[PDB]
Structures are given as structure tokens and as C-alpha cells.
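S.K.: Protein sequences appear in the order of chains A, B and C.
Counting with the authors' numbering, you get residues 206 to 462 for the letters of the first sequence.
Counting with the authors' numbering, you get residues 301 to 404 for the letters of the second sequence.
Counting with the authors' numbering, you get residues 614 to 717 for the letters of the third sequence.
The beta-carbon is built from N, C-alpha and C at its ideal position, and this holds for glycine as well.
One structure, as C-alpha cells, below. Some questions next.
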Amino acid sequence: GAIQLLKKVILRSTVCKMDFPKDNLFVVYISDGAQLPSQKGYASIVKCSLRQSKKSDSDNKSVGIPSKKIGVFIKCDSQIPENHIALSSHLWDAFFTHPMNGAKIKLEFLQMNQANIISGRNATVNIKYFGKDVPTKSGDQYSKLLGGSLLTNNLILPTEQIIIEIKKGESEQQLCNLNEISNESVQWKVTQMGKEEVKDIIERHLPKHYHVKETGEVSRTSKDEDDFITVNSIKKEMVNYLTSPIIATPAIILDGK
Amino acid sequence: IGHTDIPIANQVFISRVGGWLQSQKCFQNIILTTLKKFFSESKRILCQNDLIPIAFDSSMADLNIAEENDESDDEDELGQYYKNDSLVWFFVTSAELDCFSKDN
Amino acid sequence: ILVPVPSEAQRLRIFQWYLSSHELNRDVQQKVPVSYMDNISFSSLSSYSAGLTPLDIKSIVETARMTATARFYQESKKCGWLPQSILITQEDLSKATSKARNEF
């Protein structure tokens with residue numbers, strides 16, 4: 206009964222910032238050089254465990270694996286380099302990571318033949334906002350902010366600090382599309398879950414080091430895009446030499462007084 | 301002999317072949333993982349007293365990417381993400397089976 | 614036992630080794646292959662190779678590969694008629710020798 210799975214492939218993360226039309230929320234960009242059988246799929250980072258010192262690790266033993274498989278739309282691009290992938294910022298936040306090139310994303314498409322998809326009736330989205338300030342963010346407001354979304358059970362957006370387990374009454378669901386559904390048939394619920402289960406959820410899924418808040422970690426600490434135009438006579442060369450396919454020796458030294 | 305007629309073993313004792321590579325404590329785990337994968341890829345054919353070489357990318361040593369990447373689909377894009385650099389050998393010392401044949 | 618700086622024939626053999634195709638195609642991920650024109654006077658290079666070491670020979674051959682690749686890509690951009698491989702000229706190796714003597 207599960208959705209039949211088309212070709213699955215890995216791809217190199219790219220921070221090359223594209224348009225990423227704001228209309229949709231979870232979409233990506235792939236090179237047009239290859240054929241894309243489907244526009245809908247799942248993406249999943251591949252965690253690289255570097256902290257295996259002192260033997261012990263963070264594998265399935267006493268530590269579960271967060272939801273790597275996250276549904277996202279797919280669409281080609283001619284400018285993006287071949288064998289490369291660009292992710293919407295919302296995707297980066299969903300994966301609990303900042304934009305970063307070179308990350309290897311496992312991905313796999315689907316097909317458009319399925320009735321389990323909620324064909325209209327009762328698309329009860331569980332917007333389980335667990336933040337503070339008792340914000341008046343309405344279900345209608347979130348809808349306006351969440352339209353054009355392919356939701357799936359147990360996924361979190363830390364930017365809004367919102368956890369969602371899409372529900373159809375008491376029947377769950379993993380997929381949905383704005384285009385194929387009527388906006389009336391989606392129901393938005395605004396509440397705050399018990400702080401105990403929220404604490405447990407963050408302890409089990411949100412790592413203690415990750416804090417998506419861009420302003421929380423001040424990076425725009427007076428970093429104006431200063432241009433030292435004459436000295437660019439060197440910069441323009443360096444990048445080329447650095448971007449040159451072949452480097453005679455791996456190193457280049459920049460020297461100054 | 302036809303591939304059908306080749307008996308299937310149950311327990312196989314393999315003595316790791318002594319080698320400078322096999323010694324490094326920092327490597328052993330990646331080596332045994334490489335063996336587990338290589339046998340997991342598909343069926344294999346072996347003989348008593350034989351030897352098995354493995355080629356692996358030592359650069360992945362401390363990069364202990366978790367096993368939960370079950371049967372990584374694009375092991376080819378991973379292999380090009382890798383580059384097997386160092387080689388090891390393994391000795392098959394015994395195989396357990398209860399289907400006796402002329403060519404055990 | 615002392616290992617001397619390579620002599621003329623030693624440098625000749627060093628070149629025979631490095632300029633052998635497969636050695637140049639080690640880390641060539643790009644599809645286009647790499648190779649050299651056959652009009653290269655190896656003896657002249659060996660003679661001009663006075664007072665060098667094999668690692669310097671590696672440096673100079675890689676630098677020649679560089680000038681060749683840069684020129685080839687520039688030509689492909691320029692004319693739009695892409696050739697089917699890469700080539701290295703006596704001039705390129707001569708300038709690499711000059712650069713090597715300089716940095717030495």
C-alpha cells in the first residue's frame with residue numbers, strides 16, 4: 206500500500222542561493238541535465254559521526270535517529286551545477302542545520318498514484334505550538350503562512366518553534382498537497398502542549414548545541430560588504446586559481462605587512 | 301559444477317591475515333565494517349585455505365558515519381565520495397555446512 | 614649506503630615513469646584524458662634537469678600539466694572547437710624548468 210518508490214540518489218548540498226519562490230515552503234533545486242521522474246520526494250541528511258572518541262558513540266543504542274526522511278517538492282534548474290542540490294531555508298531549519306555546501310543528502314522521489322493521500326475531507330493540521338509569549342498566531346494565520354505545504358507526521362520547524370503531526374480525525378497521514386486539496390477542508394488547531402512532553406521531545410530530538418535562531422548567534426556584527434576595489438586585482442585571480450580544476454600544489458600563501 | 305550445486309555454509313571462521321594495516325587500533329572498526337558490507341552486497345564464492353582482499357579509503361578512519369545508513373543506496377556515489385587507498389587480506393580457515401559434496 | 618642525487622639516466626627514467634599516461638591520469642576526474650605530444654626531446658629535458666631531485670621532477674611535471682590545462686580550457690572558451698584531449702609542449706616544460714630553477 207505504501208507509495209511505490211522511484212529512483213533514489215544522493216546529492217551534494219549547495220548554498221548557492223536561488224530564487225526559491227516564497228509561494229511554496231518545502232521545495233528544492235536540481236540540475237536539469239538529468240531527468241526528474243517526479244516532482245515530489247523525500248530528502249534526508251546523512252549524519253557524519255566525528256565524535257567516536259572514548260569509544261562510545263551516538264548510534265541507535267540509547268539514542269534514536271531523528272526524522273531524516275522529510276517530504277519536499279522537486280524541480281529542475283539549468284544554472285545549478287550538475288549532480289548538485291539546493292534546499293529551501295525552511296528545509297535547512299527542518300533538518301536542524303544552517304545552510305552549508307557539500308553536505309550529502311539522500312533523496313528519493315515518488316509517483317502520482319495514491320488514494321491514501323487526504324483527498325480533501327478533514328485535513329486537520331496539528332499546529333502544536335509549544336513556545337512562550339502565548340502568541341495569538343491563529344490557525345488561519347498559520348494557514349496563510351503555511352499554504353502550499355507537503356506536510357508529514359512528526360516534523361518540526363524551529364524558526365516558528367512549531368511541531369506538527371498531521372492528523373485526519375484519529376487517522377494520521379504523511380503527505381498532502383495544497384493544489385490537490387480544497388483550502389476549506391484543512392483545519393488548523395492552535396494550542397500549547399504540556400511543557401513536560403515538550404522538554405522530553407527536545408531532549409530526544411533537538412540537540413543541545415543546535416539553535417536555529419539566526420539573531421541568537423550574532424553574525425551581522427558590523428560585517429558590511431566592504432569592497433577594497435584595487436586589492437581585488439588579486440582576489441579575482443585567487444578565486445580563479447583556487448577554483449581552477451587543477452592545483453600544482455595544494456597550498457597558496459597570501460602575504461602582507 | 302553449476303552455481304546451483306555449490307553448497308551454502310552456515311558458520312565460517314576467518315583468521316584475519318597479519319598485516320601492518322590490520323594492526324592499527326585506529327582502523328580495525330572501519331575494516332570489519334568494510335567486510336560486513338562487502339559480504340552484505342551479494343552472494344560470494346569461496347574455497348578453503350583461500351584469501352580475500354579488501355580495498356578501503358583510510359581517509360574515512362575517524363569519520364565514523366553511523367550504521368543507520370542502512371545499505372546505502374548510492375554506494376557508487378559514495379565510493380567516488382571515497383577512494384579506496386589501502387588494502388588488507390583475510391584468511392578463510394573453516395566453513396560450516398551439513399550438505400556434503402565432492403567439492404566441499 | 615648513500616642515495617645520490619639522480620644522474621642523467623636516472624632523471625631520464627624518472628621522466629619515463631611520470632610522463633607515462635596512467636600516472637598522469639591518476640587524479641583526473643574530468644572526463645577528458647591527459648597525454649603529451651610525441652615530439653618531446655626527453656634527453657634535452659634530462660640535460661636541463663641538472664641539480665634537481667625526483668620530488669622537484671614531480672613538481673615540474675605537474676606545473677606543465679597546469680599550463681597545459683589552463684591553455685586548453687582557455688582555447689575551448691576562445692574558439693568553441695574543443696579538441697579531444699590535453700597536450701603538453703616543450704615550451705611548457707621549459708617554462709616549468711625556469712620556474713623550478715627560480716623557486717629553487
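Kindly give me the distance between the Cβ atoms of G352/A and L312/A, rounded to whole angstroms, as I take these residues to be in contact under 8 angstroms.
M.R.: With a Cβ gap of about 24 angstroms, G352/A and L312/A do not count as contacting.
S.K.: According to DSSP, is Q392/A helix, strand or coil?
M.R.: Three-state DSSP puts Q392/A in a strand.
S.K.: Mapping DSSP to helix, strand and coil, what is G276/A?
M.R.: Residue state, collapsed to three classes: strand.
S.K.: Quick check: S348/A and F231/A, are their CB atoms within less than 9 angstroms of each other?
M.R.: Contact: no.
S.K.: Quick one: give me the first and last residue of the alpha helix (DSSP H) that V403/A is part of.
M.R.: Note, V403/A: alpha helix (DSSP H), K400 to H410.
S.K.: Looking at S648/C: is its Cβ nearer than 9 angstroms to the Cβ of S698/C?
M.R.: Yes. Within cutoff.
S.K.: Please report how far the alpha carbon of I275/A lies from the alpha carbon of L321/B, in whole angstroms.
M.R.: Taking the straight line from one Cα to the other gives about 40 angstroms.
S.K.: Rounded to whole angstroms, what's the CA-CA distance from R624/C to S633/C? Just pull it up for me.
M.R.: Answer to the nearest angstrom: the Cα atoms are 14 angstroms apart.
S.K.: Could you check what DSSP says for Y334/A in three-state terms: helix, strand or coil?
M.R.: In the structure shown, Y334/A sits in a strand (DSSP, three-state: E or B).
S.K.: Classify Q348/B: buried if its beta carbon has 16 or more other beta carbons within 10 angstroms, exposed otherwise.
M.R.: It is exposed - the Cβ of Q348/B has fewer than 16 other Cβ atoms within 10 Å.
S.K.: For chain A, check one thing: does any of its Cβ atoms lie closer than 9 angstroms to the Cβ of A395/B?
M.R.: With 9 angstroms as the cut-off, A395/B does not count as an interface residue toward chain A.
S.K.: According to DSSP, simplified to helix, strand and coil, what is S315/B?
M.R.: Looking at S315/B - three-state DSSP - the assignment turns out to be strand.
S.K.: Who pairs with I368/A in a beta bridge, going by DSSP?
M.R.: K333/A and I361/A, per the DSSP bridge assignment.
S.K.: Given this structure, state the Cα-to-Cα distance separating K372/A from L315/A, to the nearest angstrom.
M.R.: Going by the C-alpha atoms only, they are around 21 angstroms apart.
S.K.: Take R626/C as the anchor and find which of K690/C, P617/C, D669/C and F655/C has the nearest alpha-carbon.
M.R.: Closest by alpha carbon: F655/C.
S.K.: Just to make sure I have the definition right: I need the residues of chain B whose C-beta is within less than 8 angstroms of the C-beta of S218/A. Which are they?
M.R.: Going along chain B, no residue has its Cβ under 8 angstroms from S218/A, so there is no contact; the nearest lies around 13 angstroms.
S.K.: Measure the beta-carbon distance from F327/B to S358/B and round it to whole angstroms, keeping in mind my assumption that it falls under 8 angstroms.
M.R.: The pair is a contact, with the Cβ atoms about 7 angstroms apart (cut-off 8 angstroms).
S.K.: Tell me the residue span of the alpha helix (DSSP H) that contains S323/B.
M.R.: Element bounds for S323/B: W320 to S323.
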